[PDB]
Amino acid sequence: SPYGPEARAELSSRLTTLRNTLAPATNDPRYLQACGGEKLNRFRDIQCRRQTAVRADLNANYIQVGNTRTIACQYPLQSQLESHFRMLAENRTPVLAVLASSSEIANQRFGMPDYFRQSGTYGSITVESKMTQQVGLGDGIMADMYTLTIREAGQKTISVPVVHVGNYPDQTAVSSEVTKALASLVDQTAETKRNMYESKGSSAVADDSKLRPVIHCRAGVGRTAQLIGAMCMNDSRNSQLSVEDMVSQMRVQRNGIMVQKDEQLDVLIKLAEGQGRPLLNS
Ligand code: VO4
């Protein structure tokens, strides 16, 4: 009964109500509004909760699901790249997971700069990209890894591991098995990098706002939310956190679209069922 169609319908009903409540009004005080005239939101209807915003000129949010702390963002606009790199560096980012595919990035109508597979200079910031590993995730899905070295006068140089799911499908959801493999790779990559900072005595270890995995697809609400949900289920600290809790938390902390598609929620439900984790709050 806990995972039956009735429970699933009730979960969707609660989440739909929340999405509606969280829909943005004009100049909504809950959502970040552009300063200085630059385009902020890649998608007009996909907004950035103001109180959890990372930077005033990015569509990007701090998210905590149970105990699990991440940043979810949109794919940065070309005009946002310097600020996006500064976000990555200041966060001492232990992994950047990019879930927009190579095909999507290559479609220049989408305006998604190839910012992590090429080197370049963006205002005051110089970035070098290097190819590292490739890890299969199942079903032919491949994670291509990179390291980004981010340099800027007056700033410590930061290297960021990148996990790019270069052949993430855009028309269909990846399975729970692929999602689990992806979450494990992203978590493991982050743990290795965080450990390096710990070993060096970085002050970022004590700061709630830093050392967060950064995750985006195109909008940062669909594939991104599926992955964040899977990651929180991997976290030993999150016993009894329900699917209702996780999705409600993502929605209140970013926007009401988090977990955009029913197919994505289906994966989270299946992962939860595998753990005996509740769907609903009693
Ligand atoms: O500026 V640190 O996060 O390497 O202490």
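The first residue in the sequence is number 1, and the count goes up from there. Only heavy atoms go into these numbers, but all of them, side chains included; no hydrogens, no water, no symmetry mates.
Between the side chain of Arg277 and the backbone N or O of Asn238, at least one donor-acceptor pair lies under 3.5 Å.
Under a cut-off of 6.0 angstrom, the local environment of CD in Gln275 is crowded, with over 12 non-hydrogen atoms contributed by other residues, nucleotides or ligands. In the displayed structure, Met196 atom CE is contacted under 6.0 Å by more than 12 heavy atoms of other residues, nucleotides or ligands. Shown here is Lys261, whose NZ atom has no more than 12 heavy atoms of other residues, nucleotides or ligands within 6.0 Å.
For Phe85, the ring-ring contact (aromatic ring centres under 6.0 Å, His included) partners at least two apart in sequence or on another chain are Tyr115, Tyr122. The side-chain hydrogen bond (donor to acceptor under 3.5 Å, both in side chains) check on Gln51 picks up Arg49, with sequence neighbours excluded. Residues satisfying the side-chain hydrogen bond (donor to acceptor under 3.5 Å, both in side chains) test with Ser103, not counting sequence neighbours, are none. Applying the side-chain contact (heavy atoms from CB on, under 4.5 Å) rule to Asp170 yields the partners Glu104, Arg223; only residues at least two apart in sequence or on another chain are considered. The side-chain contact (heavy atoms from CB on, under 4.5 Å) search around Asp208 returns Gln64, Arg69, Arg212, not counting sequence neighbours. By the salt bridge (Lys or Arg N to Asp or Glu O under 4.0 Å) test, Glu82 is found to be paired with no residue, residues two or more places apart in sequence or in another chain being considered. For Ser13, there are no side-chain contact (heavy atoms from CB on, under 4.5 Å) partners two or more places apart in sequence or in a different chain. Residues meeting the side-chain hydrogen bond (donor to acceptor under 3.5 Å, both in side chains) test with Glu273, sequence neighbours left out: none. Qualifying side-chain contact (heavy atoms from CB on, under 4.5 Å) partners for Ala190, counting only residues two or more places apart in sequence or in other chains: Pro94, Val95, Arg194, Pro213. The side-chain hydrogen bond (donor to acceptor under 3.5 Å, both in side chains) test applied to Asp266 returns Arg8, not counting sequence neighbours.
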Verdict with supporting geometry, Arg251 and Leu15, side chain to side chain contact (heavy atoms under 4.5 Å, CB included): CA-CA 9 Å; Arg251 288 183 176 194; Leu15 293 176; 3.7 Å; yes
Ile158/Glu90 under side chain to side chain contact (heavy atoms under 4.5 Å, CB included): CA gap, chis, key distance, verdict: CA-CA 8 Å; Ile158 297 300; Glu90 288 184 349; over 6 Å; no
Candidate pair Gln74 and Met112, rule side chain to side chain contact (heavy atoms under 4.5 Å, CB included), full reasoning: CA-CA 10 Å; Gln74 75 187 13; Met112 293 189 301; over 6 Å; no
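Applying the side chain to side chain donor-acceptor pair (under 3.5 Å) rule to pairs touching residues 38-47 yields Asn41-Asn59, sequence neighbours excluded. Among residue pairs with one or both ends in residues 133-143, those qualifying as side chain to side chain donor-acceptor pair (under 3.5 Å) are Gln134-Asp144; sequence neighbours excluded.
Distance check, rounded to the nearest 0.5 Å: SG of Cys73 to NE2 of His216 gives 5.0 Å. One finds the CG atom of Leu182 at 12.5 Å from the OG atom of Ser176 (value rounded to the nearest 0.5 Å). For the atom pair OG1 (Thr68) and CE (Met233), the distance works out to 10.5 Å, reported to the nearest 0.5 Å. Here CG of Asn255 is found 12.0 Å from CG of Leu32. Values are rounded to the nearest 0.5 Å. To the nearest 0.5 Å, atom CG of residue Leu58 and atom NE2 of residue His84 are 7.5 Å apart. Atom OG1 of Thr70 sits about 6.0 Å away from atom CE of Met231, to the nearest 0.5 Å.
Nearest heavy-atom pair, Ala72 versus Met258, reported as atom, atom and distance to 0.1 Å: CB-CE, 4.3 Å. For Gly138 against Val178, the heavy-atom pair with the smallest separation is O-CG2, 3.6 Å. Between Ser184 and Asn234, the closest heavy-atom pair is N-ND2, 3.8 Å. Minimum interatomic distance between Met87 and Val54 (heavy atoms only, all atoms of both residues): SD-CG1, 3.7 Å. The shortest heavy-atom contact between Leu40 and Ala34 is CD2-N, 3.8 Å. When all heavy atoms are compared, the tightest approach of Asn67 to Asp235 is C-OD2, 4.2 Å.
Exactly one residue among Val214, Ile228, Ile215, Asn61 makes a side-chain contact (heavy atoms from CB on, under 4.5 Å) with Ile71. That residue is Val214. Checked against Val165 for a side-chain contact (heavy atoms from CB on, under 4.5 Å), the options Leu99, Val98, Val186 give a single hit: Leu99.
A chain of hydrophobic side-chain contacts below 4.5 Å, direct or via other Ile, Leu, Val, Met, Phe, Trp or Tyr residues, connects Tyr168 to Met145.
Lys193 and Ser159 form a side-chain donor-acceptor contact under 3.5 Å, judged by distance and modelled atom types alone. Side chain to side chain, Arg117 and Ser102 meet the donor-acceptor criterion of an N or O pair below 3.5 Å.
In this structure, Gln33 and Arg50 have side chains that are in contact, with non-hydrogen atoms separated by less than 4.5 Å. Side-chain contact between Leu11 and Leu265 is present, with at least one heavy-atom pair separated by less than 4.5 Å.
Relative ring orientation between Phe116 and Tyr146 is described as perpendicular, the plane-to-plane angle rising above 60° on a 0-90° scale split at 30° and 60°.
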